[PDB]
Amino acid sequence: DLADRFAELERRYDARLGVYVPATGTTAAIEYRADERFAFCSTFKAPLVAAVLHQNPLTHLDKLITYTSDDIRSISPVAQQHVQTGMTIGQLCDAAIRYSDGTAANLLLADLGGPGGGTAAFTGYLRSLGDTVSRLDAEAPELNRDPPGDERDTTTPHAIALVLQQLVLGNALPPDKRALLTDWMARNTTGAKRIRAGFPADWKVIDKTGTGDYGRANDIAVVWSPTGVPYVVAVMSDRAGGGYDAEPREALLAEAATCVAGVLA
């Protein structure tokens, strides 16, 4: 009937919705359209940071990166205030997650595999984590703007939840780098009205958001129960049938999170 509850959420918001909460030692897996393709949108910036953290020592986060005002080709809340000063790799990581800064992500993509193959190196990092399905084929903001059915810049709720499972709670990152990717997500400022709004206050939530064309609204997250038990929650959605300019619905993501919270609370 929970599958019917999500199916009712789709009818109410006239949307497609995908949910995956991986099974734990004490809870079963929640899955709804978890093997269908949804666009990454900006959700890829948390594993992007992990790729950069993984491939480089911590001192690499002190490397100063300079750029121009002509590099700002997407919504970049932080990068467009520091053109004259330049931003550090850590500062780019801090901005790519907490403010979903598109230029910061585009810079970290270039840091990953050079100017041309940042998207190809990011996909390879997902291939290194056991993701055989996810692919990134453009940088911000073009990765938000593929038509429905195009596999470019898409992952699945099942895939990204397992990747984030490895990154925050698993062994994909050394614990000191793990704590850094966790801390930045813990202070994300873009997702107060998504999964965080579907969980009660005593639950701790870290997340990274995603928004795009065709009503795309996503949110991947790890939550902690008041007793400290962790869960991965990946929620993805789009309202494709309404056109490329369909309004994303953050409420659809928090109602879906409320349904999940009812299963885990």
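When you see a residue number, it is the position in the sequence shown, counting from 1.
Please compare 37-45 with 197-205 and name the stretch with the higher mean C-alpha B-factor in the deposited structure. Averaging CA B-factors over each stretch, the winner is 197-205.
If you average the CA temperature factors over each stretch, which comes out higher, 100-108 or 140-148? It is 140-148.
Going by the CA temperature factor in the entry, name the top one among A51, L58, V233, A29. Max CA B-factor in the entry, restricted to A51, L58, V233, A29: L58.
Between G124, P157, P77, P115, let me know which has the highest C-alpha B-factor in the entry? If I rank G124, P157, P77, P115 by C-alpha B-factor, first place goes to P115.
What third of its chain's C-alpha B-factors does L64 belong to: lowest, middle or highest? Answer is middle: the recorded C-alpha B-factor places it there.
Ranked C-alpha temperature factor of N171 among modelled chain residues, by third: Highest third - that is where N171 ends up once the chain's C-alpha B-factors are sorted.
Could you say whether, by C-alpha temperature factor, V223 belongs to the lowest, middle or highest third of its chain? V223: CA B-factor falls in the middle third of its chain.
Going by what the PDB entry lists, where does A3 fall on CA B-factor within its chain: lowest, middle or highest third? According to the entry, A3 has a C-alpha B-factor in the chain's middle third.
Per the entry's values, where does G18 land by CA temperature factor relative to the rest of its chain, in the lowest, middle or highest third? Lowest third - that is where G18 ends up once the chain's C-alpha B-factors are sorted.
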